[PDB]
Structures are given as structure tokens and as C-alpha cells.
Amino acid sequence: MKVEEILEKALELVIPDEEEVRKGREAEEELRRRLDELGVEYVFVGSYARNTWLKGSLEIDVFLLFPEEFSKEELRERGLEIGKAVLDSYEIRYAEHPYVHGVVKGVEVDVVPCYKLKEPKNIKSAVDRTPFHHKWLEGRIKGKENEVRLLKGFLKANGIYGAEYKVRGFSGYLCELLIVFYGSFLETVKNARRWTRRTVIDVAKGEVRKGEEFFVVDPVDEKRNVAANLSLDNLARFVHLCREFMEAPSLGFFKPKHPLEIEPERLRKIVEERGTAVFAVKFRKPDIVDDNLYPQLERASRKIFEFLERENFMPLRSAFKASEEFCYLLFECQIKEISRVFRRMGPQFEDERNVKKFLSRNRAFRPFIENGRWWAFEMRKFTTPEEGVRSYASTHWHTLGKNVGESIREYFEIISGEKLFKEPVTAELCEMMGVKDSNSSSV
RNA sequence: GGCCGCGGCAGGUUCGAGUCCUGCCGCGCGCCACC
Ligand SMILES: Nc1ncnc2c1ncn2[C@@H]1O[C@H](COP(=O)(O)CP(=O)(O)OP(=O)(O)O)[C@@H](O)[C@H]1O
Ligand SMILES: [Mg+2]
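Structure below.
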């Protein structure tokens, strides 16, 4: 359990076994075979072309390079055409930039179209940097392949690996750049401890400077932030892990933790013990790609959260879950119930024109003077968070994100109490409430 | 699809809204995710 003895045992988890590598090379051999027959200009990129892919996470990426003059429509129609021709079984589901996800001799293959650029300054597609990424990295990353795998494994084990909106973490390319800049996994951990939200890491200049935000400058484009989608919270979650790790190294930092089945009874006691209002918004999952869904669940969850605050229900945290058929928006509030009366502010006693208008309004109770101005008692239209959210989600469905809001329009329901705990949201609830010992890394 | 802006224009809430909530339109090949 010394710092180096643990990195040894951890390499056994992040390094692909030779049986998997062989499967990769065989699929690569057949992939090159089919591509050459089509006479298309291509290149192998990604974690496979640099031998930095994690054990069990084998995926081959193949870029097809087309002329610059090609329309975005022409890039798509030709890219997919080649893709489908090369893959055994394929599947086309993307958010913006078209590509073909499929299989070849049993390995994951992605056939991505892009523009054959010279100098990637003002890229035309979103992925035009990826070939230049590989050209820059192949010569510098050599020998350090396992140092990347330790970092990728360290992050993946703590659920902050991936730049996708489902994660808002560290892209696989960002990890490689960090190894080139620090030299080893251990040197990234040591230094990361003293990162701040202002940290700038310009790899191309071998410099660390201060800035407006966290910013890892892309060697290929000095305007591009490689860590653009890394949330501030996930940045923090990473820094915290590094301080903990150096303070007390362990193999558990590389073991993937998984949720535990919590009894609906134990959960009922925890919420009762807290005396909070725990409820969820349930609706049909819109049939869209994850990268459109999660930004919208974030928005919807926030709009309702903000609503609960200004309505004085004092919300603690928000959360959401996406099962296969349904989406859930969870909320916890300190106020299970509020009074119906509240005090609305009136005008100062001086200017009677406004006061006369104010006191003319028919109210159930008599208004009063306080510290020099008039006040009135008025009634709330709802007295619980559940009743409030029912109203907001009903009327303001449209502001909760395009697809989520339209799905909430057609149907939603507020689930509370024991009926909630029987829903696929236990894991999310335990995280939200800070429930202890609802996780394990047992194999 | 989400996000950040420069503008706006109306509508709602209110004694009172450039200031809180909402809708619509313009313009930055604006940024990010899908590799
Ligand atoms: N969000 C992002 N930011 C910067 N570059 C990205 C990126 N997503 C993809 N890329 C580029 O596309 C290449 C491969 O992308 P992916 O296959 O999706 C992850 P990877 O690099 O293969 O690591 P991984 O297989 O361990 O997940 C990367 O080398 C990178 O150059
Ligand atoms: Mg890959």
C-alpha cells in the first residue's frame, strides 16, 4: 500500500489483456482491408491509434477525409455511404455531426466523415481537429501509454470521465494532454491539487498561467478550450480526489463504485428523519439522443428549482433520472407546507394617490402601517411544493426545454412518499440527500 | 438541442417595473455536446 505498489495493482485494471488487443488488431486489419478496396482517403485516430484505450473499452475510430469544397450535405451523404459499406452491422444516431456507429468482427467502430484541412484554424466541421490531434500526439505520447490509462481509469472509476453532457467531465484527449504536460499520472495528481477555477494550462507553450476560467489550451488551436465542458463542480470533485489520494493512497480509487438496493422502508425513515418534502416530476422520455436530453433535464430541473425558491418553499437540492421509458425530476424542500396568508408591500403614507389605489382593492383582511409604509395581507394560491409544481409544470411547460416541455405538456404527474421509492430513482435520491453507505465497489 | 451575449418589442405580477415571471423577432459561419 505504498504510492507505487498501488499504481502497480491498478495497472492490472486499466491495461487491456492480450486477448482483447488481438481482437482489436484483427478488426483493424479487416477494417483497412475494406477501406482500401473503396479507394477512400482515411486515417486511424483516437485512443486506439495511440494505444491508450482502457481495458474493456475497445473502440476503433476511423476518419474519412473529404475535400474542403464539399457541402455539409455532401459530406454527410458520402460519409454515411462509405460507413455502411465497411461495417458489418451499423447504426446511425447522432446529434449534429453525422457519423456511423457499428461493428466489425465484433469490435466497436466509428466511421466519422470530416474535411481534409491544411492547418486547422477555422475548422468547417466540429471534428476537423481530431486528425491534427493524432498527428500532434503520436510522437509525444510514446512510452506514456499506461500513464494515460491510469488517469482515464482513475476518472472513469469516479464517474467524471467523458466530456459528454451526461458527464461534463474529462475528455479522453484532455487526459492525454495532461500526461504530456506533467509526464506521469502521479505528476498530474500532485499538481492538480493546487489547480483553481482560474487555472490555464497551455500545453503548446509548456506554461501554466492564470485566466478568466479553467482553460486547457489546445495545441492544435489556441482558441479552443479542451476542457470547455468540464463543469466547475466536476473540476472540484477531481481536485478533491487528488488531495485525498496523495494523503492516503488506495486501490479503491480505481474500483468502480455501484449503487446498492436500498429498502423502501429505510428510505422512508431517512426522509421522515429529515422532515423534508421529497417529490418527483414523472413524464414520458422524449425519443432523442442523450446529448439533447440531458441539457434539457438540467434546464427543466433548474426552472422548477428556481420557482420553488421564489415561492419560499426553501429547496435543498435538485436531481433527475432517465430510465428507458420515463424521465424523473426530483426535488427536496425544507417547507412541506406554508401558510396561505403573506404580506404584500404597499406605498408610503405620503403620496395618497397611490395609497388610495392600494387600499381600494377588496381584501379579506384589513391592511396596516409599518415603519412608514402600508402593507396588506393576501392569500397564496397553493400551500405545498407539490401543489406549486403541479401549477408551474402545467402552465409553464414550454420553458422547460423544447422536447422535455412538450412531453411534460402531453402528460406528467407528481410522485411523492412511498410511491416514489418504488420508482427507479433510489440511487439518485441517496446521492441527493447525502445518504451514507448506499454504494459499494465489491466484485 | 443546451449555453453566453448585444439589442429589442409586447404580455403577465404590482400602488409602482429598464429591475421579478413569460412569449416572439433580429444579429454574433458566437460557445459546447454527439468523434
Ligand atoms: N470533446 C472532445 N474534445 C476534444 N477532442 C475530442 C472530443 N471528442 C472527441 N475528440 C477527438 O476525437 C478523438 C477520439 O474521440 P473518442 O473516440 O470519442 C474518445 P478517445 O480519444 O478514443 O478515448 P477513449 O476511447 O478512451 O474514450 C480524440 O482523440 C479527440 O482528438
Ligand atoms: Mg475510441
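Numbering (the entry's author numbering), first residue to last: 1 to 443. No residue lacks a Cβ here, since even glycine has one placed at the ideal position from N, Cα and C.
Ignoring anything shorter than 4 residues or poking outside the region 110–175, list the alpha helix (DSSP H) runs there in chain order. 130–137, 145–156, all fully within the region 110–175.
Where the beta carbon is closer than 6 Å to any heavy atom of ligand 1, which residues qualify, in chain order? Having a Cβ closer than 6 Å to some heavy atom of ligand 1 are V45, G46, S47, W53, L54, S57, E59, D61, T130, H133, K152, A163, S171, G172, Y173, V226.
Cβ neighbour criterion (16 or more within 10 Å) applied to residue 447: Limits of the chain in this structure are 1 at one end and 443 at the other, which puts residue 447 out of reach.
Could you please give the first and the last residue of the uninterrupted beta strand (DSSP E) stretch that includes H240? No beta strand (DSSP E) contains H240, which is instead part of the alpha helix (DSSP H) from 232–247.
Using a Cβ distance threshold of 8 Å, determine whether the region 150–170 contacts the region 117–137, with at least three qualifying pairs required. As far as the Cβ criterion goes, the region 150–170 does not touch the region 117–137, which means the pair count is below three.
Give a yes or no on contact between the region 252–259 and the region 297–306, applying the rule of three or more CB pairs nearer than 8 Å. For the pair of segments examined, the region 252–259 was found not to touch the region 297–306: the number of CB pairs separated by less than 8 Å stays below three.
Do the CB positions of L174 and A227 come within less than 8 Å of each other? In this structure, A227 lies closer than 8 Å to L174 by Cβ.
Spell out a yes or no on whether the region 144–158 and the region 170–187 are touching, meaning 3 or more CB-CB pairs, one atom from each, closer than 8 Å. By the criterion of at least three beta-carbon pairs nearer than 8 Å, the region 144–158 is in contact with the region 170–187.
Which residues does DSSP list as the beta-bridge partners of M314? Under the DSSP definition of a beta bridge, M314 lacks any partner.
Give me the Cα-Cα distance between residue 510 and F63, rounded to the nearest whole angstrom. Residue 510 lies beyond the range of the chain shown here (1 to 443); nothing can be said about it.
Determine, using beta carbons only, whether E30 and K105 come nearer to each other than 8 Å. In this structure, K105 lies closer than 8 Å to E30 by Cβ.
Spatial distance of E265 from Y328 (CA atoms): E265 and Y328: Cα-Cα distance of roughly 21 Å.
Would you say the region 394–413 touches the region 368–378, given that touching needs at least three Cβ pairs under 8 Å? No, they do not touch.
Quick check: what's the CA-CA separation for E378 versus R343? Going by the C-alpha atoms only, they are around 6 Å apart.
Nearest residue (CA-CA) to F331, options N354, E306, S323, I369: Residue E306 is the option with its Cα nearest to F331.
Option in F215, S184, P295 with minimal Cα separation from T196: With distances taken between Cα atoms, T196 lies closest to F215.
Per DSSP, what kind of secondary structure is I6 in: helix, strand or coil? In this structure, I6 counts as helix in the three-state DSSP scheme.
So the candidates are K121, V189, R209, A322; which of them puts its Cα closest to the Cα of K223? Between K223 and the set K121, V189, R209, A322, the nearest pair of CA atoms involves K121.
Identify the continuous alpha helix (DSSP H) that holds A427 and give its terminal residues. Start and end: 426–433.
Helix, strand or coil: how does DSSP classify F326 here? Residue state, collapsed to three classes: strand.
Among the candidates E272, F326, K190, whose CA atom is the shortest distance from the CA of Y411? It is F326 whose Cα lies nearest to the Cα of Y411.
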